[PDB]
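Peer 1: Provided hereafter are the protein sequence and its experimental coordinates.
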Amino acid sequence: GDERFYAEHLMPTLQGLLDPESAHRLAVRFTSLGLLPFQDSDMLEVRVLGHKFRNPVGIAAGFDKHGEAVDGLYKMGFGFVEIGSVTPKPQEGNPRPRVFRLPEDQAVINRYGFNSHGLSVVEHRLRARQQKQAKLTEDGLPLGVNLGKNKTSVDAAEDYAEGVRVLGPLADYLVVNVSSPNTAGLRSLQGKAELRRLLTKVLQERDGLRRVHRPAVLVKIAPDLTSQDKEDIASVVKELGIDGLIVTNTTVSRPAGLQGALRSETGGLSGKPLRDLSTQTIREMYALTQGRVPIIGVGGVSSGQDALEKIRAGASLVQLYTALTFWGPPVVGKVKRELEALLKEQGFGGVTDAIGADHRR
Ligand SMILES: Cc1cc2nc3c(=O)[nH]c(=O)nc-3n(C[C@H](O)[C@H](O)[C@H](O)COP(=O)(O)O)c2cc1C
Ligand SMILES: C/C(O)=C(\C#N)C(=O)Nc1ccc(-c2ccccc2Cl)c(Cl)c1
Ligand SMILES: O=C(O)c1cc(=O)[nH]c(=O)[nH]1
């Protein structure tokens, strides 16, 4: 239950015994069973997206792709859980190996390619705990569902629409993930006319759900967008009343300075080398949306400082994944404790007061 023991001994031993996909699969298993090693202060509570969040630190999509470990993840101390990406039909994703740790860079590269049990399997998994989730949500522990598309699908919009219909009624928020680096053509849905048409369809579908089963809809974007792309996304988001943005997915870039032997593997890069590219993207999106569109900031968060930098830049909430793969579950408590201490040090009454604070100086 100790940050040092996990960081110095448990995790490096795990890395020497198992390949990363296997270590991840085992992680999901242990978590699902609640076999895990902090008290949330009122300071960490945030109200956004039509919900209370008892703390602003969520688990990013990709860790629990199939909704198998939701309860274990709340136990781990996350203020909110996002599952997925989930695709309409089951699909296997890319051949293995398809995930790689770069320990010298505190980074991961992955090219899973949306391996997914599919909508029906995840629907029944969530239904089995639907009321337990209703209580968790009411208690300040919301659930997000991240929607993907099948590799061979002709009609991307219809895949997302199917996801809204099937998992929308079970989610506090949905994510239209148009930013995986590992599905051909996917990120091009980030363009203006394509995006407007896609999102109009998604929102129509969401609006057609009964009120108690009607989730917020967020769009998750890449860190690799052009200025024009970001400008266009901000315009469409405001035009359509999209509920929020998730900023960012992994990067296809390979920043100068990566040391890991595996740095030239194909896929999206996450962890520390992504951190500041993500923060700057949050900063840009917040400004372009006039601070009126909630942002979930993600990419390279491994400490309270990392979290607060994203919050100050415009994020109402943050998520992490890659940090867990190096530091294990104690990183969650660490981030929260550090964030609380920094908020006090910087004169903020709570997280809410810090949201977008850089933009006001
Ligand atoms: C192994 C792996 C798988 C991921 N799978 C997904 C995915 O299914 N859908 C998605 O929206 N993001 C996925 N992500 C991206 C994360 O949600 C997150 O945006 C990114 O890794 C940056 O955060 P981090 O640096 O804390 O890991 C994945 C990331 C990794 C490391
Ligand atoms: C490459 C890799 O280790 C991962 C990925 N992706 C990963 O998730 N690792 C990992 C391994 C064990 C754990 C873990 C889970 C439950 C209890 C204790 C631990 Cl160390 C976690 Cl939270 C993450
Ligand atoms: O390969 C995936 O499944 C995947 C990886 C990633 O980094 N981001 C994403 O949205 N999907």
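Peer 2: It's in. Numbers count the residues shown, from 1 in each chain. Ligands and ions are numbered 1, 2, ... in the order given.
Peer 1: From the centroid of this structure, which residue is nearest?
Peer 2: residue 60 (2.8 Å; C-alpha atoms, centre = their mean).
Peer 1: now that residue: how far from ligand 1?
Peer 2: Using C-beta to the nearest ligand atom, to the nearest Å, we find residue 60 at a distance of 3 Å from ligand 1. To be clear about C-beta, it is placed using only N, CA and C from the backbone, and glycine gets the same treatment.
Peer 1: now do residue 253
Peer 2: Distance from residue 253 to ligand 1, counting by C-beta to the nearest ligand atom: 13 Å.
Peer 1: wait, that residue sits on residue 277?
Peer 2: Yes: with contact defined as C-beta atoms under 8 Å, residue 253 and residue 277 form a contacting pair (7.3 Å).
Peer 1: any shared contact partners between the two?
Peer 2: residue 223 (C-beta atoms under 8 Å, 6 or more residues apart in numbering).
Peer 1: so how far is residue 80 from the residue nearest to the centre of the chain?
Peer 2: Residue 60 is 11 Å from residue 80, where distance means C-beta to C-beta, to the nearest Å.
Peer 1: ok, back up a step: tell me who's in contact with the residue nearest to the centre of the chain.
Peer 2: Per C-beta under 8 Å, 6+ apart, neighbours of residue 60: 82, 298, 319, 320, 321.
Peer 1: Same question for residue 250.
Peer 2: Contacts for residue 250 were tallied using C-beta under 8 Å, 6+ apart; they are 110, 181, 223, 267, 268, 269, 270, 274, 299.
Peer 1: can you give me phi and psi for the first one?
Peer 2: Meaning residue 110. Backbone torsions of residue 110, given as degrees, to the nearest 10, read phi -130, psi 150.
Peer 1: Could you give the number of residues near the nearest residue to it once chain neighbours are set aside?
Peer 2: Among residues not flanking residue 110 along the chain, residue 99 sits closest, at 4.5 Å (C-beta to C-beta, 6 or more residues apart in numbering). The number of residues packed near residue 99 is 22, by other C-beta atoms under 10 Å.
Peer 1: separation between residue 99 and residue 348?
Peer 2: From residue 99 across to residue 348, the span is 37 Å (C-beta to C-beta).
Peer 1: What of residue 86?
Peer 2: Distance from residue 86 to residue 348, by C-beta to C-beta: 36 Å.
Peer 1: This completes my enquiry, with thanks.
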